[PDB]
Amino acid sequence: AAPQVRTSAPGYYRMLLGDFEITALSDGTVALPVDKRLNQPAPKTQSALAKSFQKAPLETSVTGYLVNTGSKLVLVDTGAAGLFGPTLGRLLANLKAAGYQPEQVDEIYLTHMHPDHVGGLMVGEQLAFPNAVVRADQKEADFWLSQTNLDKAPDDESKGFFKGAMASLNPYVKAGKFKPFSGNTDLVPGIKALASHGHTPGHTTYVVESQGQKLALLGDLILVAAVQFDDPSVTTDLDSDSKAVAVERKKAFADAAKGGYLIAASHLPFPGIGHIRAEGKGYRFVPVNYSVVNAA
């Protein structure tokens, strides 16, 4: 026989979208006590997860999305680097395994500034993406980079969020490489920012379109697949505005269902890409069928 290997394959998933190349990049996974963070009784979460053959704590993917439009290379979210423990921070290595170098990234779009999305921006004291311009909504940057907000943060978890956002973005701000937008904004050709505020004050969805094929990168608009597709009204204590996140999630799901296009989200099971159909009181996520990509 042979010794066991016990390693996972490189965490990248390639998919074509019209003339664009999408690469989902895994940052790793982390076990989350979702039954304690969701705004509903723990037994109800347990029953939902059991319907999906799952149990809390739940191993949850953390994913960023690389878009090569053919003229620009854009990275949507960057993982956690070392901010959330040793099971995360795989995204840079998976970017390299996917055939790219960090120096090649032209722009980085942040759905929001929670540590598991901004941590990858820094390797120690060095910019992880030395040529990239970072973009996020002005509301997001104004909230998370505020010293006064950090000084008035209620608990250690929130303080750590502020500190991580500052440590990750401020070096780019200082280098002149942070370029905010406000609300719905055309970014590089083929990618648009769609305001989806409420998980954080400036949470933004990024819509990628090429040759009639559309993909909405929803960020953290959904967090627990086995709960929030069936019941989109369930929120978490990590959402800044629970009512707004429910409204925005329902809007995104309704639009994806009506349009029949792809969505992706950072914490859907990797690669986190699929279609949505409206069913009953909520929605059914349909993960994309495994497809091989070959050179053109």
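Position 1 is the first residue in the sequence shown; the rest follow in order.
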Exercise. Looking at the entry, does 25-33 or 44-52 show the higher mean C-alpha B-factor?
Worked result: 44-52
For this session: Going by the average Cα B-factor in the PDB entry, point out whether 182-190 or 101-109 comes out higher.
Result: 182-190
Seminar exercise, completed: From the entry's CA B-factor values, the highest among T60, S233, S266, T69 is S233
For this session: Would you mind checking which of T148, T87, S168, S196 has the top Cα temperature factor in the PDB entry?
Result: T148
Exercise. Sorting the chain's CA B-factors, does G124 end up in the lowest, middle or highest third?
Worked result: highest
For this session: Select lowest, middle or highest to describe the third in which the CA B-factor of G79 falls within its chain in this entry.
Result: lowest
For this session: Rank-wise, by C-alpha B-factor, drop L262 into the lowest, middle or highest third of its chain.
Result: lowest
Problem set entry | Lowest, middle or highest third - CA B-factor, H117 | lowest
Exercise. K152's Cα B-factor: lowest, middle or highest third of the chain?
Worked result: highest
